[PDB]
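Notes to accompany the following structure.
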Amino acid sequence: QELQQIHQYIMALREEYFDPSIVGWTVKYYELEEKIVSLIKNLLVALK
């Protein structure tokens, strides 16, 4: 459960202090990271 909270905090840190040029190159990229996060989540389930 805390994996998602860490992901959300790291995600909010991108816009709470920085103003990058475009959003699409970022957010989609961000979603890619979530994929790996999901993968980690998956492993957790397997571990259980």
Among the residues of the range 1-24, write down those that are over 17 Å from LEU39 (Cβ atoms), surrounded by 10 or more Cβ atoms within 10 Å (Cβ to Cβ) and not aliphatic (A, V, I, L, M). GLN8, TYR9, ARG14, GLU15
Any idea which of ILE10, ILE22 is outside any helix (DSSP H, G or I), free of Cβ contacts under 8 Å to residues at least 60 places away in the same chain and of a type in the set (A, V, I, L, M, F, W, C)? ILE22
Can you find a residue in the range 27-44 that is more than 15 Å from the chain's Cα centre (by Cα) and not in a helix (DSSP H, G or I)? no
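Note: ideal-geometry Cβ built from the backbone for every residue, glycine included; neighbour counts use all protein chains shown. Read-outs: derived from the displayed coordinates by stated rules, not from any lab.
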